[PDB]
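Presented as structure tokens, the chain that follows is alone, the form deposited in one PDB entry.
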């Protein structure tokens, strides 16, 4: 079907829904996200506004086209490759220290860029980072701005107020302690969540993963409690101290503190150099044959 002037829609990729497509005119594959014009909760146009504000940043996917066609609102992106969850599954849920550290360097940089554009992400998880294709295959991208919010006024740089008594909107596995306590999310929270993602890659799972409970809200209570009763030195036992030092620093941040991103990158860089690794972008999955 003839989306825009110059895009052919293909079959679904996964999860509105995501499709493979072709830029017929340029001879490139693309990713297409459709949303029905009458949902109860229209979101794509809002998301697209944010993706547009992010454009030009390293590892932000490039919008080809937004519009509407027939029954649908439409956004078209340059094609990207598999997520970190997909590549983690493909690697038997085991990443080397070198791979974790290569990813951590880029991942901190993307969150910092988002924050520079006056937003917080609030769904930092392996599924929302994708590797590029082709020439861009060494580059980690971030996606999914459906849960994102402005944390300061674009002009006045005025932080949003400290609020309580909130819901847990994102993914519970990687959520911050302050999020479980129902406190308003800020920059520190995106970074703490990254901290849990990194240990996830180290361990193959997290200790509060796979808790049975009867209801959903009961399951979140159980995750919260497990997190809050698992000291950082226990979570990180048997891995370089840097993972612990990073999570402790994140948990020390005040609501409206600007994180020292540079310090966090330097932490993992120094570890990287002590191990004698080279920044040559050869991830575990590149060595498959």
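Superpose the two forms; the largest set of C-alphas matching within 1.5 Å is the rigid core. Positions refer to the first chain, counted from 1.
Rigid core superposition in 8 other deposited structures of this protein puts the Cα atoms of one stretch, out of 248 to 256 and 26 to 34, farther from the shown form on average, and that stretch is 26 to 34.
Comparing the two stretches 162 to 170 and 81 to 89 by root mean square C-alpha distance in 8 other deposited structures of this protein, with all structures fitted on the core, the more displaced one is 162 to 170. In the deposited entry, the stretch joining residue 15 to residue 16 is interrupted by 1 to 3 residues of the deposited sequence lacking coordinates. When the two stretches 40 to 48 and 222 to 230 are set side by side, the higher mean Cα temperature factor goes to 40 to 48.
For the pair 105 to 113 and 143 to 151, the mean Cα B-factor is higher in 143 to 151.
Per the deposited record, 156 carries the highest C-alpha B-factor of all listed residues (89, 156, 205, 185). Highest C-alpha temperature factor among 121, 135, 173, 98 per the entry: 135. Looking at the C-alpha B-factors along this chain, the one for residue 197 belongs to the lowest third. Placement of the Cα temperature factor of residue 272 within the chain: middle third of the modelled residues, per the deposited record. Residue-level temperature factors show residue 256 in the middle third of its chain, judged at the C-alpha atom. Annotation for residue 85: C-alpha temperature factor in the lowest third relative to the rest of the modelled chain, per the entry. Compared with the other modelled residues of the chain, the Cα B-factor recorded for residue 240 ranks in the lowest third.
The protein also exists as the form deposited with a partner chain bound; that form is not presented, and the subsequent description refers to it.
For the candidate set 168, 177, 139, 97, a heavy atom within 4.5 Å of its partner chain in the entry with it bound is found for exactly one residue, namely 168. Just one of 239, 220, 261, 255 comes within 4.5 Å of its partner chain in the entry with it bound, counting any heavy atom, and that one is 220. Contact with its partner chain in the entry with it bound holds for none of 112, 117 and 153, as no heavy atom of theirs lies within 4.5 Å. Using a 4.5 Å cutoff between non-hydrogen atoms, residue 216 counts as a contact of its partner chain in the entry with it bound. Taking the partner from elsewhere, residue 192 is found to have every heavy atom lying beyond 4.5 Å of its partner chain in the entry with it bound. In the entry with it bound, its partner chain sits within 4.5 Å of a heavy atom of residue 144. Among residues of the shown chain, residue 125 is one whose heavy atoms approach its partner chain to within 4.5 Å in the entry with it bound.
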